[PDB]
Structures are given as structure tokens and as C-alpha cells.
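1. this one's sequence-less:
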Ligand code: CLA
Ligand code: CLA
Ligand code: CLA
Ligand code: CLA
Ligand SMILES: CC1=C[C@H](O)CC(C)(C)[C@H]1/C=C/C(C)=C/C=C/C(C)=C/C=C/C=C(C)/C=C/C=C(C)/C=C/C1=C(C)C[C@H](O)CC1(C)C
Ligand SMILES: CC1=C[C@H](O)CC(C)(C)[C@H]1/C=C/C(C)=C/C=C/C(C)=C/C=C/C=C(C)/C=C/C=C(C)/C=C/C1=C(C)C[C@H](O)CC1(C)C
Ligand SMILES: CC1=C[C@H](O)CC(C)(C)[C@H]1/C=C/C(C)=C/C=C/C(C)=C/C=C/C=C(C)/C=C/C=C(C)/C=C/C1=C(C)C[C@H](O)CC1(C)C
Ligand SMILES: CC1=C(/C=C/C(C)=C/C=C/C(C)=C/C=C/C=C(C)/C=C/C=C(C)/C=C/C2=C(C)CCCC2(C)C)C(C)(C)CCC1
């Protein structure tokens, strides 16, 4: 009934399942240039709080930024605490 | 052209002839468009394989005497332990849920990346059938026909146990006992105004 | 032309002359088309062989005194054990059902693959008759005639036991006892208004 | 030609070579239903099926109904034949109705597809070999082959007369069955007994006296 | 029973209302004579009233807590418990006669559009033609499904649609 085993195994499983098999299918939806590449053709402030500013660099061979880690880890935590919570009501 | 589902009537134009299980069965004109038809072929074959597996499984469970398919998952809501052919299975509901999620997600993602492929080869052909692509068409026909039969049988399982609450082999046994005395007219829930 | 089933009337045009048991008997015009006629020839000969076997079997059973053909399968519904010529048979209903299903499925599939073949040869000819194909036609004629007779006799068995409930030789014996006193007019269920 | 009402204008849709070639034409169409030749075709099919099943049913009512007044054939009344039969039988009426729904739906589906397409049911490989003799006989509603076993439908000189006898007896049979229903709800006994009680006293026992069939007098 | 009520035969409120109506009616009856047409009409009213109560009790009607009949509008429920004569049969009767009226009218309209002055035969009814078509449609539903299945029931898109879109 260890919380560390449930949560750690959960986040490990979801980071793995996002690492190896659902990477390319998530990267096929990066191509929105068919419909939107200029989200905002702007010059100044009030347009670049809305346009991209920084690019998170990855020396990762596949290219996980901190954002994908945050996402898959977040799903892992949600599911892990769901498992512990369903375990919580006296089995 | 394996046949014609309604003698005399003309076949639909959008069904191509070289295709397994091409009986021309389409009243609703669901597959008139190409890409949708291809997706539907994929879905039909896959549902067929899963239906075969499920029906064979329930029949094996009841035929070797381990309860029905309905009380196989009984050990998880009411406290207990899973089994296999007379041996206990040391796992928890969440354990099998985790390994099922990971394994099925991996397998189905891998499959769902190679476009739409229905017949693989090489390492999903480990015994050496369907090599000449000649009788392979007939094997496709046999595959899809047995698959349709299995889907219908499984829908039968769901409805039958939803009506009478007994297992398949038990229902067949009692139906062979008294044929006119008990079938879906003695059901009492199938046809209401009896 | 083995004969003519109705003197004077013309033979049907679709029956070919070189054919066993060609009496020209077809009021309904059932075999006017070629492929259907071939299928019917197959069916007639096969039904004839099976009828011969069944009739000979029921006769042998009653003639050697082991009950009728109706109470040969009596040991399975009411608890008991099968027999043959005075010796017990150590099997269960499901055991004979399994071996019958497998054996008959194998044999009939094998037969049903070689197109439509009615006269095999070589290993279904182990004694050396019908080699010249000359008197083989006459043997075909004798085969088909005895087969028609056997079919009629077996339908007689079913109707007779459905009427009076007695076995064949018992019915013949009592009919030879009092000819006018007991036949299908003393049946009481054949002709209703008596 | 004969007409139902001598002197009445026969409608123009019942006066064609296609409509005068029909069995039992008497120009009877007061409500002009058959203005569509396709609809007239379908309605002719309806009349034929109703004729045949009406004859069968009414014969089933009468002949046991008559012969039970003799010694043999103790048959109960037609409005009570079901109950006694099901008490005689082996299965409940629900399963029997289901089985007859299946076995009749198959056949009626056949016949229907032959109505929509005339040469339909005979096409190679469809059935196991009766496709040989499941075509029509060039006049829809009158198949041949395994129907008409005795060969009575081969001669061309008796053709229109066999047709016309069929349609006349059938119309009379439909009238007879409607009479069976009304006499059941009106007097409350079997039709044979109604016939006997009317022959016994004609001028006193009819539908002018039963007190239901016209209540205003 | 059917949604928590009772049939009117054993309904206590039913007989109380019946007694109340008879009571007021006899109260009106008391002050006249025994041969007077007032008393004749009053006794006629008594007879019709009691006959009405008996007829409503005989038909197997269902009464709530007010003792008044309640109709059940549900095919499965009414056909299962013997109430087809309160909504079901009435709706098929009405649909028959209403479609009959509509079909007769429509046939008249098409019959008179083909003349030289459609407005005169609309304002001044062609009585022979109107009686003729008034008979000719007693079986309308068959002609209706035929006109439907032949595609003559519906005009195509030569109808005038609003301009612009
Ligand atoms: C798993 C579902 C499924 C799917 C997706 C398909 C797909 C296909 N079938 Mg198919 N088939 C199936 C099951 C399926 N089959 C089963 C079970 C049978 C046996 C009855 C058949 C028998 C069959 C024949 C005989 C033929 C096809 C054909 C086809 C193809 C063209 C028809 C089409 O557009 O299908 C699209 C289908 C769907 C979109 C199905 C979706 C499910 C619908 C929307 C709801 C069904 C609800 C159901 C009736 C509820 C029952 C409940 C119960 C209590 C009554 C297409 C590839 C034709 C062909 O050439 O074969 C390849 C053809 O002639 N099928
Ligand atoms: C097992 C059934 C069977 C079949 C399929 C055939 C097939 C054939 N026979 Mg045949 N025959 C049979 C049994 C059969 N025979 C029997 C038992 C007899 C003895 C009475 C004969 C005597 C016979 C003669 C004398 C002739 C044929 C001929 C033929 C050929 C052409 C006729 C045709 O189209 O047949 C098609 C047949 C069928 C489709 C039969 C199907 C069964 C029907 C549809 C239902 C029968 C129900 C039955 C009457 C019910 C009785 C119940 C009882 C209580 C009254 C064809 C190869 C002709 C020929 O050239 O010989 C080769 C010919 O001249 N037959
Ligand atoms: C289980 C395995 C098996 C298999 C795969 C086959 C396969 C075959 N058999 Mg076969 N057969 C088997 C077992 C088997 N048989 C057994 C156990 C018997 C009894 C000993 C027979 C007796 C038999 C005969 C007599 C004939 C065949 C024929 C055939 C061929 C026709 C295929 C077809 O479409 O028929 C599809 C058939 C059906 C779906 C069933 C038809 C049911 C009939 C019409 C009903 C008959 C009346 C019924 C029995 C009620 C009678 C009541 C009684 C009291 C009188 C096919 C090669 C026929 C053949 O070779 O013709 C080319 C043929 O004439 N077989
Ligand atoms: C206007 C919509 C409507 C609504 C809300 C209802 C409501 C009801 N109907 Mg119903 N019915 C309707 C229209 C409607 N009917 C029409 C138009 C018909 C003629 C085709 C029927 C024919 C009918 C029958 C034959 C039966 C009912 C029954 C019922 C009851 C339970 C079933 C149910 O709700 O299914 C949900 C209904 C809908 C979503 C509306 C569509 C109408 C369908 C065709 C009716 C469904 C019947 C259902 C499958 C039977 C279930 C059996 C039950 C024992 C579980 C419920 C009071 C059952 C009953 O008597 O209950 C005790 C029953 O046996 N109805
Ligand atoms: C074709 C067409 C066409 C036209 O156009 C239209 C129409 C007609 C509409 C259409 C039709 C359709 C249809 C009918 C369909 C059907 C389907 C199905 C039934 C499926 C199933 C399907 C089914 C399936 C898959 C199934 C599967 C199953 C399984 C896995 C099982 C499992 C299991 C096991 C291990 C055992 C245990 O103990 C439990 C469980 C868990 C239970
Ligand atoms: C020809 C024609 C033509 C024209 O055109 C039309 C018409 C006339 C319709 C037609 C006719 C037809 C007919 C008549 C037919 C018949 C058939 C039959 C009878 C069969 C049987 C058939 C029959 C058969 C096979 C049989 C078989 C039998 C068997 C195996 C037996 C078995 C057994 C044994 C071991 C013994 C034990 O103890 C039991 C049992 C189990 C019992
Ligand atoms: C012509 C026309 C034209 C113009 O345009 C207009 C108008 C005038 C309107 C029209 C008219 C019409 C009419 C009149 C019709 C009628 C119909 C009918 C009557 C039918 C029946 C019909 C009828 C029918 C089918 C019947 C059937 C019967 C049956 C099955 C029976 C059965 C049975 C029997 C055996 C005995 C048992 O135990 C029981 C039962 C079950 C009872
Ligand atoms: C270095 C490296 C490595 C490793 C890596 C890792 C292992 C990472 C990790 C990472 C991680 C480990 C991450 C994590 C993250 C997490 C997160 C992001 C979380 C979130 C959370 C949440 C979201 C929660 C929420 C909530 C709450 C608060 C309560 C309950 C309810 C809810 C659900 C709302 C290896 C050896 C493989 C190799 C390569 C290199």
C-alpha cells in the first residue's frame, strides 16, 4: 500500500509510455502551418505576450522539453492518486 | 463475389469485386466513399479477430468448468484471487490494470503507426501459410466469415445473459433438454405481449 | 432408358438417355437445368447408399434380437450402456459425439473436395468389379434401383413406427397372422373418417 | 363486356388491353384506386394472395364444421379451436407464433423479391439447386414448376377459365369469412347452426331480428 | 395499478360524486308536480345521469383521488392493460378522417388548376366535381402511399424560394 511505489511506478509508467510510443503521434500535431502559422503578425508588446518568445533547448536525442515531462508526469500523478484514492475507501 | 445477400437484387457500385467477404451487403450506403470504406475494412477485420478470441475464451472457460464469462471478474469486486487452469494468480486489480494499460497501449500504438495495415507478414506469419498470395485470398475469406460469425455469437452471449442470466453451455444444455419448453419465447423479456 | 414410368407419355427432353435409372420421371420439371440436375444425381446416389446402410442395419438389429431401431439409442437418455453383438461398449454420449463429429467431418470434407464424384475407383474398388466400364452401367442401374427401394422402405419405417409404434418384423409378423384384421386401415390414424 | 352496373361508365384505367387481360374483370372501381398501373399490379397480387388464403381458411372453417354434424370428426367451434388445440399441443403459443413468423417470413420475402423483379429468384448459385424452378411463368402471381404439380396449367384453352374460377371462388370466400366474423359477433353460435336456424324459420330468424345488426328498428 | 390509482368500480369517491349529483337533481325535482313536463325532463335527466355513470363504470375506466376518470396515453401501456379505446383508437380514427379531408381538398385543387380560370372555380364551387371527389377518396391512405412512392406528392425545387439567401 506504499504511496511511493504507487505514485513513482505510475509516473514512471506514464513517462515511459509518453517517451517511446506516443512521441511521433504527438509530433504529427505540431504541424499547424497548413492553417495557422501567424497566430499574431504583431510588432510590439501586447503582441509578443501572445507570440512565441523562448525555445526550450533539448540535447535529448528525441527532444523532450520540460513541457512534455510536465505533461506526462502530471497525468501520471493524477492516475496514481486516483489509484490510491480508490484504494482508500476501505478497499 | 463470395455470394449475394439477397438473390436477384443488384450489387452496389461502390463495393469492389476483389475483396474478402464481398456479398454486396449495404442497405444504408455506409461505404460509398473510398477512405471511409478502407477504414471500415480495417475495423471489420480487427473486430473479427477480437471477437474470435473472446468467444473462444468464454467457451473454453465454461467447457473446462471454471464458471461463466460473467463470473471470471468476480474475484475483484468481491474479495478473492484470480485463477488460471487450476492455479492461483498473484496480482492485484491495479497491478493487472497497470500492466494491461502499458502492454495494450504499446501494442496498439505500434500497430496504429503503420498506416492502416490488416495483413502483416514475416514475424506475424511464423508457420508459413499465405505465402503465394493465391490461396491467401481464400484464407482471407475464411477469416472474415468466421469473424462475422464470432461477432454475432458474442452479441448473442451479451443478450442471452442479459435475458436469462445463465451461461452459454448451461443454456444450450437446458434447451436440448426441452426444446419447445424454453427458448426466447419462454424468455418472458424478449417478446413482451406474451 | 431402363423403362417408362407411365406407358404412352413422352419422355422429358432434359433427361439424357445414358444415365442410370432414367425412367423419365419428372412431373414438376425439377431437373430441367444442367448444373442442378448434376447436383441431384449426386444427392440421389448418396441418399441411396445411406438408406441402404440404415435399412440393412435396422433389419439386422431386429432380426438378431436386440430391440428395434427405435430403442437402440435408449441407453443414453435413460441411464445405461451401449452394446453390439452381445458385448458392452465403453463410451459416453459425448465421447461418441466427439469421435462421430471428427470422423464424419473429416470423411465428408474429403469427399466434398473432389468436385462432385459419385464413382471413385482404385481403393474404393478393392475387389475388382466395374473395371471394363461395360457391365458397370448395369451395376449403376442395380445400385440406383436398390437405393430407391431402400429409401422408400426407410420412409416406411418412420411412418409405420409413427403410426403403430411397433418394429418392422413385429408388424410383419402380426400382419401375416391376420392380414385383413390389421393393416393401414385398422391403423386408426392413417385414414381418419373410418 | 360484363359490368358490375349495366349502364355505368366503366373507368378508363380498367379499359385497356393490360387491364382487360386480368382474371375476373368486371369494371368495379367506384373509388378510383387503380389509377396507377404499378399500383394495379400490386393490388392484383394482393387480391390473389387474399383469395388463396381466404379459400383455405374458409374451407377449414366449413368442412370440419359440416362434417361434425355427421358422426365423425368431433371438431370444436372455429372460435374455440385455438384453445383446445393448444391444450392438445406440446408447446406454448408464443413459440409457435415465433416459428411461424420465421418460416412464413422467409417465403413471403421470396415472393416479394419476385414481385419487385420478375425473373429474380432464378439466378445461378443462389439456392442449392431449386433456382432451376423458381422463375415465374410470364404472368406474375402464377408461378409454375413445383407449383401446379399435376400439369393442369399447361393447356392454353382452359387457361382463362381456370383463372376466372379461381378469382370468383376467392371473392366469394372472402365474403364468406367476413360473414363468419359478423355472425360470430352477432348471434353467438357456429355458422352451421346459423344456417340450420335460418332454414328452420326463415321469416323470423335473420338479421332483422337479432337486435344488434340494426338497432334503430 | 397504472401509476397509483384504482378503477372506478371500487373507487369510494366515484359513488360519492354519483350520490351528490343525484341529490342535487332530486332537490330540483322536489318542488314540482308528478305529471308536469318539468318533472318529465328532470326524470329524463336522472335516467341519463345514472346511465352515464353505469357506462363509465362498465368500460373499465381508472379514477384518481377525485373520483374522476383518467385517460392513459401510451401505446404499450394501454394496449397491455386494456385501454386502447381512449387514446389509441381515437387517434387512428381522427387521422383517418383528417387525412381524408385534406386529400379530398388537394384533389380538388389539382382538378381545378387545369382550367382556363382557376379563381372562378375556387370562389364558385364546382358542385358536381366537388361531390364526385367527395366520394372518390374514401380510401385515401392507399392513394397517398402510392403518390408518395411514385414521387408525385412532392414538388421539386421549382418552388419559389425567398430572395436572396
Ligand atoms: C464490427 C462491425 C462491422 C464493421 C465495421 C463492418 C464493416 C463492413 N462490412 Mg460487415 N459485418 C459485420 C460487422 C461489421 N462489418 C457482422 C457482424 C456481419 C455479420 C452479420 C457482417 C456482414 C457483412 C456482409 C454480409 C457484408 C459486410 C460488408 C462490409 C463492408 C461494407 C459495409 C459497410 O459500410 O460497413 C459499415 C458498417 C458499420 C458502420 C457498422 C457499424 C455498426 C452499426 C452502425 C450499428 C449496428 C447496431 C446493431 C445492429 C445493434 C444490434 C443489437 C441487438 C440487440 C439487435 C465494411 C467493410 C460488405 C462487404 O463487402 O464486406 C466486406 C458485405 O457484403 N458485412
Ligand atoms: C433423396 C431424394 C432424391 C433425389 C434428390 C432424386 C433425384 C433424382 N431422381 Mg429420384 N427417386 C427417389 C429419390 C430421389 N431422387 C426415390 C425415393 C425414388 C423412388 C420412389 C425415385 C425414383 C425416381 C425415378 C423413377 C426417376 C427419378 C429421377 C431422378 C432425377 C431427375 C428428377 C429430379 O429432378 O429429381 C429432383 C428430386 C428432388 C428435388 C426430390 C426432393 C424431395 C421433394 C422435394 C420432397 C419429397 C417429399 C415426399 C414426397 C414426402 C413424403 C411423405 C409421406 C408421408 C407421404 C434426379 C437425379 C429420374 C431419373 O432419370 O433418374 C435419375 C426418374 O425417371 N427418381
Ligand atoms: C458433420 C460433418 C459433415 C459435413 C461437413 C458434411 C458435408 C456434406 N454432406 Mg454430409 N452427412 C453427415 C455429416 C457431414 N456432411 C452425416 C453425419 C450424415 C448422416 C450419416 C450425412 C449425410 C449426407 C447425405 C445423405 C448427403 C450429404 C451431403 C453432403 C454435402 C452437401 C454439402 C451441403 O451444402 O449440405 C448442406 C446441408 C444442410 C445444411 C442440411 C440439409 C438438411 C436436409 C435438407 C434435411 C433433411 C430432412 C431431415 C433430416 C428430417 C428427416 C426426419 C426423419 C425422421 C425422416 C457435403 C459435402 C449431400 C451430398 O453429398 O450432396 C452433394 C448428401 O446427399 N451428407
Ligand atoms: C413518445 C415516446 C414514448 C415514451 C416516453 C414511452 C414510454 C414508455 N413506453 Mg412506449 N411507445 C411509444 C412511445 C412512447 N412510449 C410508441 C409510439 C409506441 C408504438 C411503437 C410505443 C410502444 C410501447 C410498447 C410496446 C411498450 C412501451 C413501453 C413503455 C414504457 C417503458 C419503456 C420505455 O420507456 O421505453 C423507452 C421509449 C422510448 C425511448 C420512446 C420510443 C418508443 C419505443 C418504441 C417503445 C419502447 C418499448 C420498450 C423497448 C419496452 C421495454 C419493456 C420493459 C418491460 C423494459 C414507458 C412508459 C413498455 C411498457 O408497457 O412498459 C411497462 C412496452 O412494452 N411502449
Ligand atoms: C454490416 C452492416 C452494413 C449495413 O450497411 C448496415 C448495418 C446492417 C447496420 C451493418 C451491420 C452491422 C453489424 C450487425 C455489426 C455487428 C457488430 C458486432 C456484433 C460486433 C461485436 C464485436 C464483439 C467483440 C469484438 C467481442 C470481443 C469479446 C472479448 C474480447 C471477450 C473478452 C473477455 C474475455 C477474455 C473472457 C472473460 O470472461 C471476459 C471478457 C472480458 C468478456
Ligand atoms: C423423384 C422426384 C421427382 C419428381 O419430379 C418430384 C418428386 C415426386 C417430388 C420427387 C420424389 C422424391 C421422393 C419421393 C423422395 C424420397 C426420398 C426419401 C424417402 C429419402 C430417404 C432417405 C433415407 C435415408 C438416407 C435413411 C438413412 C437411414 C439411416 C442412416 C439409419 C440410421 C440408423 C441406424 C444406423 C440404425 C439405428 O437403430 C438408428 C438410426 C440412426 C436410425
Ligand atoms: C373491390 C374494391 C374496389 C374499389 O376500388 C373500392 C372498394 C369497393 C372499397 C373495394 C372493395 C373491397 C372489399 C369489399 C374487400 C373485402 C375484402 C375481404 C372481405 C377480405 C377478407 C379476407 C379474409 C381472409 C383472407 C380470411 C382468412 C381466414 C383464415 C386464415 C382463417 C384461419 C382459421 C382457420 C382456418 C380455422 C382456425 O380454427 C382458426 C382460424 C385462424 C380463424
Ligand atoms: C536524467 C535522465 C533520466 C531520468 C529522467 C527522469 C526520471 C526525469 C523525471 C522527471 C519527473 C519525475 C518529472 C515529474 C513531474 C511531476 C509533475 C509535473 C507533477 C505534477 C503533479 C500534479 C499535476 C498533481 C496534481 C494534483 C494534486 C496537486 C493533488 C491530486 C490532484 C491533482 C492531480 C490535481 C534517465 C535515467 C531516464 C536517463 C536519461 C537522463
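-> Yes, it's here. Numbers count the residues shown, from 1 in each chain, chains lettered A, B, ... in the order given. Ligands and ions are numbered 1, 2, ... in the order given.
2. got the residue ranges for the strands in chain A?
-> Applying DSSP state E to chain A gives no strands.
3. Would you mind listing what in it touches chain B?
-> A:6, A:9-10, A:13, A:16-17, A:20-22, A:24-25, A:83, A:87, A:91 (Cβ under 8 Å from any Cβ of the partner chain). All C-beta atoms are positioned from the backbone trio N, CA, C, and that covers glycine.
4. Kindly report the same for chain E.
-> So far as Cβ under 8 Å from any Cβ goes, chain E lies against chain B at E:76, E:79, E:80.
5. for the last one, what are its contacts?
-> With contacts defined as Cβ atoms under 8 Å, 6 or more residues apart in numbering or on different chains, residue E:80 is in contact with B:192, B:193.
6. and of the residues of chain E next to chain B, the nearest to residue B:79?
-> The shortest gap between residue B:79 and any of the residues of chain E next to chain B belongs to residue E:76, at 42.3 Å (Cβ to Cβ).
7. Go through the helix or strand harbouring the closest one and flag the buried ones.
-> Assigned by DSSP states H and E, residue E:76 belongs to helix E:75-80. Within helix E:75-80, the residues that qualify as buried are residue E:78, counting by 16 or more other Cβ atoms under 10 Å in any protein chain shown.
8. can you check stretch E:48-64 too?
-> E:53, E:56, E:57, E:61, E:62, E:63.
9. Enumerate every residue touching the first one.
-> It refers to residue E:53. Counted by Cβ under 8 Å, 6+ apart, residue E:53 has contacts E:14, E:18.
10. After whichever strand or helix holds it, which helix or strand is next?
-> Using DSSP H and E, the element containing residue E:53 is helix E:37-58. For helix E:37-58, the following helix or strand on the C-terminal side (DSSP H and E) is strand E:62-63.
11. Which neighbouring elements make contact with that next one?
-> strand E:6-7, strand E:69-70 (3 or more Cβ pairs under 8 Å, 6 or more residues apart in numbering or on different chains; DSSP states H and E).
12. Would you check which pair of the buried residues of stretch E:48-64 lies furthest apart?
-> E:53 and E:62 (15.1 Å).
13. ranges for the helices of chain B?
-> B:34-63, B:74-77, B:93-111, B:136-163, B:168-177 (DSSP state H).
14. how about the ones you listed in JSON lines, adding distance to residue C:7?
-> Output for those, formatted as JSON lines (distance: least, Cβ to Cβ, whole Å):
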{"stretch": "helix B:34-63", "distance to residue C:7": "60"}
{"stretch": "helix B:74-77", "distance to residue C:7": "77"}
{"stretch": "helix B:93-111", "distance to residue C:7": "74"}
{"stretch": "helix B:136-163", "distance to residue C:7": "52"}
{"stretch": "helix B:168-177", "distance to residue C:7": "51"}
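15. Of all the ones you listed, which one is nearest residue E:16?
-> helix B:136-163 (46.9 Å).
16. what's the one residue in chain A that gets nearest to ligand 1 in contact with, if anything?
-> Using Cβ to the nearest ligand atom, the single residue of chain A nearest to ligand 1 is residue A:25, 22.9 Å away. Contact analysis of residue A:25 by Cβ under 8 Å, 6+ apart lists B:109, B:112, B:113.
17. And it, how far from residue B:42?
-> 17 Å (Cβ to Cβ, to the nearest Å).
18. what's the burial count for the residue of chain A found nearest ligand 7?
-> Per Cβ to the nearest ligand atom, residue A:86 is where chain A lies closest to ligand 7, at 60.9 Å. Residue A:86: 11 surrounding residues under other Cβ atoms under 10 Å in any protein chain shown.
19. measure it to residue B:94 for me?
-> 8 Å.
20. same question, residue D:63
-> For residue D:63, the distance to residue B:94 - Cβ to Cβ - is 76 Å.
21. Could you count how many residues lie near the residue nearest to residue D:86 when sequence neighbours are not counted?
-> Using Cβ to Cβ, 6 or more residues apart in numbering or on different chains and skipping residues adjacent in sequence, the residue nearest residue D:86 is residue D:93, 5.5 Å away. By other Cβ under 10 Å, the residues close to residue D:93 number 14.
22. Over to residue D:93: give its phi and psi.
-> phi -70, psi -20 (degrees, to the nearest 10).
23. So the closest residue to residue A:22 other than its chain neighbours versus residue D:122, what's the distance?
-> Spatial nearest neighbour of residue A:22, chain neighbours left out: residue B:109 (6.2 Å); criterion: Cβ to Cβ, 6+ apart. According to Cβ to Cβ, residue B:109 stands 52 Å off from residue D:122.
24. Ok, residue B:171 next?
-> 40 Å.
25. Report the central residue of chain B.
-> Nearest to the mean C-alpha position of chain B, counting by Cα atoms, centre = their mean, stands residue B:51 at 1.4 Å.
26. swap that for chain D, sorry
-> residue D:51 (2.2 Å).
27. tell me the contacts of it?
-> Per Cβ under 8 Å, 6+ apart, neighbours of residue D:51: D:166, D:167, D:169, D:170, D:171, D:173, D:174.
28. what helix or strand is the second one on?
-> Spelled out, that is residue D:167. helix D:159-186.
29. so what secondary structure elements neighbour that helix?
-> Partner elements for helix D:159-186 (3+ Cβ pairs under 8 Å, 6+ apart): helix D:37-67, helix D:191-200.
30. Could you say which of these is packed most deeply?
-> Most buried of these by mean neighbour count (mean count of other Cβ atoms under 10 Å in any protein chain shown) is helix D:37-67; its value is a mean of 16.
31. quick check, it touching ligand 7?
-> Yes - for helix D:37-67 and ligand 7, the contact criterion (Cβ under 6 Å from any ligand atom) is met by D:50, D:53, D:54, D:57, D:60, D:61.
32. where does chain B come near ligand 1, residue by residue?
-> Near ligand 1, when you scan chain B using Cβ under 6 Å from any ligand atom, you find B:5, B:15, B:19, B:21-26, B:30-31, B:40-41, B:43-44, B:47, B:148, B:151-152, B:159.
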